[PDB]
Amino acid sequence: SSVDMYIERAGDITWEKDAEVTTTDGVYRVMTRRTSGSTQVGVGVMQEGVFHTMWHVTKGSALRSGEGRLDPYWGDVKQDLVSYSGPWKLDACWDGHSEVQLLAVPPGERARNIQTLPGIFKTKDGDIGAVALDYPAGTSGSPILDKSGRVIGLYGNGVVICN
C-alpha cells in the first residue's frame, strides 16, 4: 500500500487581538491513514483554491480532501515548499520589525494564536526571521501571520524579510 494522505479543515486564519504572548480558504491538518487509525504529519494553508504546505510533510504525495483528490502542482525540496492545484499564492513578506502570530495547529490539540517576535539572523544578501518554539512533531506548516492576517511564513521555515 502507498501512504493514504488527506487534509481536514481546522479553522479560519485570523489575527487574534489579545493572543497569548511568548474546500474553503483556511488552515488544514495534513493526516495519514493507517489500519490502526490516523496521524497528523503537518499543517497547511488553503488560499485561492491552492493548498500550501511543506515539501517534507507530503513528499509530493497526492492528497484526499472534501473537494476530491488534489495533485501537486509545484514544489521545491530546498525551500521545503509544495503547492497543490495551482501555483504558489502565499506572497506576503514580513517587514522584519512587527510582531507576528503563529497559528499553531499541533496534532490532537486546539488551533491557537501565539504572538511572538521572530529572531533575526544575518545572511549574505540580508537577514531572515526564525520562529523556533517548542511545538510537537506534526505542527510544521502552521501559518505565521502579520497584523492583517496575511501568511508571511510556515512554521519550520525561515521567515523571509523584505526591507
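Quick note: we count residues from 1 along the sequence shown, nothing fancier.
According to the record, the deposited sequence contains no missing residues between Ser148 and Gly149, so the chain is continuous there.
In this crystal structure, the stretch out of 34 to 42 and 105 to 113 whose C-alpha atoms carry the higher mean B factor is 34 to 42. Averaged over CA atoms, B-factors in the entry run higher in 10 to 18 than in the other of 10 to 18 and 135 to 143.
The PDB entry gives the largest Cα B-factor of the residues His52, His56, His97, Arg29 to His97.
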